[PDB]
Amino acid sequence: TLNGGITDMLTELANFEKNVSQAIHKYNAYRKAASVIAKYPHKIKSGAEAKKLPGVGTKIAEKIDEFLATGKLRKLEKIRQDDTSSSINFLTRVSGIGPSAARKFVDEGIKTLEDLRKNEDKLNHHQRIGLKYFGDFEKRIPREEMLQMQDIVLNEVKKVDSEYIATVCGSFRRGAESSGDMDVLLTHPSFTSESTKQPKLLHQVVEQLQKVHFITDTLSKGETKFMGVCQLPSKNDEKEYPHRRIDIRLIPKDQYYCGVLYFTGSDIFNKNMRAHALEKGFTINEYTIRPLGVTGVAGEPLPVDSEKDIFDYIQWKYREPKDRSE
DNA sequence: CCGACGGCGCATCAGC
DNA sequence: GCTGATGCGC
DNA sequence: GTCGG
Ligand SMILES: Nc1ccn([C@H]2C[C@H](O)[C@@H](COP(=O)(O)OP(=O)(O)OP(=O)(O)O)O2)c(=O)n1
Ligand SMILES: [Mg+2]
Ligand code: NA
Ligand code: NA
């Protein structure tokens, strides 16, 4: 909020390069600088002052100078005018529609919300649902609602099997007063890093959550991952609650610490961490942390009994979830 | 001053 | 059907 | 786009 201007701008360029140009790296490089500048405790009064921070080279330094002076960015103004580019940007705002399929829709004439509605037969299942709820999916979930969702997820999970453990990670675990979606990490003793004693472990909780009408729809669903839609029950005469996005990851009981580390994010944080890990000589995934051998090859999984053990290996002083919102 | 750039589950399509 | 590259997401 | 080899 201190440098809302500069951050917002760079966030926009990021979407452009990601959606239109299909430049994932330029996308990443643009948002990293968004985070560092957002973290920066001073109202930046110069593109030079900005270049100092990591992830902020000279291009972004020149843009920051322009923005500071004019109040706008010509490069961004022209992208807004360009009907094709600003037509893809909109399609990607639908879960299931990435940079490619969006560009493929422009090439077929499908460019607006009403075009997708009439050509629903052109969309795959995920895109179809992403469209159906598109309106709702733009609305952020307040903490109060997040809490009510926690009870239901946990209380239903317990009813299936008491040995289950569900952890609402994401922006929730980071103490955000508002979340984008609902990320739910799940563990059960029957599923560990070398032995699986029960085939339908995730199917059980999903099925249950559906039977209680909490899980309205199902985007994707594997045996360890689930993307879907849920919605808090409503009272009488009250307008229904917006349908919400709910991810449900099932990590092996013994790898929890690595799993929660990931599912807690933020993604920028995980990127900056796994990058640094790689520099320190380690590769951190949502499963384990391993050494990068002598030939670069990832060695055997190192022992972790807490989140801190991970920060320790890479020589990073521990940081609470409330401080991982980058 | 030229390129590399965190990691992975599901869904989907291609070649066999 | 199985293997792998590719979209798209978290 | 940035930044390190
Ligand atoms: N490419 C990515 C994207 C996300 N994540 C992490 C960051 C999050 O902790 C979690 C996914 O959660 P969300 O995508 O729902 O986003 P957040 O929960 O971080 O924020 P919010 O939902 O408030 O927008 O996985 C990651 O490691 N790599
Ligand atoms: Mg989330
Ligand atoms: Na810099
Ligand atoms: Na999308």
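Going from the start of the chain as shown, residues are counted 1 onward.
Yeah, the Cβs are placed from backbone N, Cα and C, and that goes for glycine too.
In the three-state DSSP assignment, the secondary structure recorded for A:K32 (ubiquitin cross-link) is helix. What Swiss-Prot records for A:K32 (among others) is ubiquitin cross-link, and it gives experimental evidence as the kind of evidence.
According to Swiss-Prot, the Na(+) 1 binding site annotation covers A:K51, A:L53, A:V56. Cβ neighbour count for A:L53 (Na(+) 1 binding site): 16 (other Cβ atoms within 10 Å of its Cβ, all protein chains included).
Per Swiss-Prot, K(+) 1 binding site is recorded for A:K51, A:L53, A:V56, and the stated evidence type is experimental evidence.
Annotation for A:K52 (ubiquitin cross-link): no same-chain Cβ neighbours under 8 Å separated by at least 6 residues are found. The annotation ubiquitin cross-link is assigned in Swiss-Prot to A:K52 (among others) on the grounds of experimental evidence.
According to Swiss-Prot, the feature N6-acetyllysine maps to A:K63. If you take the C-beta of A:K63 (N6-acetyllysine) and look for same-chain residues 6 or more apart in sequence within under 8 angstroms, you find A:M9, A:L10, A:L13, A:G47, A:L73, A:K75.
Taken from Swiss-Prot, the feature ubiquitin cross-link applies to A:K72 (among others). With a cut-off of 8 Å between CB atoms and residues at least 6 apart in sequence, the same chain places A:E66 near A:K72 (ubiquitin cross-link), listed in sequence order. According to DSSP, A:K72 (ubiquitin cross-link) is assigned to coil rather than to any helix or strand.
The K(+) 2 binding site annotation in Swiss-Prot covers A:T92, A:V94, A:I97. The Cβ of A:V94 (K(+) 2 binding site) lies under 8 Å from the Cβ of A:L116, A:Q127, A:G130, A:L131, A:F134, each of which sits 6+ residues away along the same chain.
According to Swiss-Prot, the feature Na(+) 2 binding site maps to A:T92, A:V94, A:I97.
In the shown protein chains, 15 other C-beta atoms lie within 10 A of the C-beta of A:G180 (dTTP binding site). Residues annotated as dTTP binding site in Swiss-Prot, with experimental evidence given as evidence: A:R140, A:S171, A:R174, A:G180, A:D181.
Residues annotated as dGTP binding site in Swiss-Prot: A:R140, A:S171, A:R174, A:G180, A:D181, A:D183. DSSP assigns A:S171 (dTTP binding site) to a helix in the three-state reduction. For A:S171 (dTTP binding site), other Cβ atoms within 10 Å of its Cβ number 25.
Feature annotation from Swiss-Prot assigns dATP binding site to A:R140, A:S171, A:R174, A:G180, A:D181; the stated evidence is experimental evidence.
Taken from Swiss-Prot, the feature dCTP binding site covers A:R140, A:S171, A:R174, A:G180, A:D181.
Feature annotation from Swiss-Prot assigns region 'DNA-binding' to A:174-183. Long-range Cβ contacts of the region 'DNA-binding' (A:174-183) within its own chain (Cβ-Cβ under 8 Å, at least 6 residues beyond either end) map to 140-143, 146, 149, 153, 168, 230, 244-247, 249, 263-266, 321-322, 324-325.
In the three-state DSSP reading, A:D181 (dTTP binding site) counts as coil. The Cβ of A:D181 (dTTP binding site) lies under 8 Å from the Cβ of A:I141, A:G170, A:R244, A:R245, A:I246, A:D247, each on the same chain and at least six residues away in sequence. For A:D181, A:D183, A:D247, the entry in Swiss-Prot reads Mg(2+) 2 binding site.
Residues or ranges marked as Mg(2+) 1 binding site by Swiss-Prot on the basis of experimental evidence: A:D181, A:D183.
Comparing A:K32 (ubiquitin cross-link) with A:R140 (dTTP binding site), their Cα atoms are 23 Å apart once rounded. For the recorded Na(+) 1 site, residues A:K51, A:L53, A:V56 set the reference point as the centre of their Cβ atoms, and the other residues of that chain within 8 Å of it by Cβ are A:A33, A:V36, A:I37, A:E49, A:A50, A:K52, A:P54, A:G55, A:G57, A:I60, A:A61.
In sequence order, A:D183 are the binding-site residues from A:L53, A:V56, A:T92, A:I97, A:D183 with a C-alpha within 10 Å of the C-alpha of A:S171 (dTTP binding site). Proximity to ligand 2 (Cβ under 6 Å from any of its atoms) holds for none of the recorded positions A:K32, A:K51, A:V56, A:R174, A:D247. Take the Cα of A:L53 (Na(+) 1 binding site) and measure to each of the binding-site residues A:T92, A:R140, A:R174, A:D183: the nearest one is A:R174.
Listed in sequence order, the binding-site residues among A:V56, A:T92, A:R140, A:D181 whose CB lies under 6 angstroms from an atom of ligand 3 come out as A:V56. Among the binding-site residues A:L53, A:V56, A:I97, A:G180, A:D183, A:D247, the residues whose Cβ sits under 6 Å from any atom of ligand 4 are A:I97.
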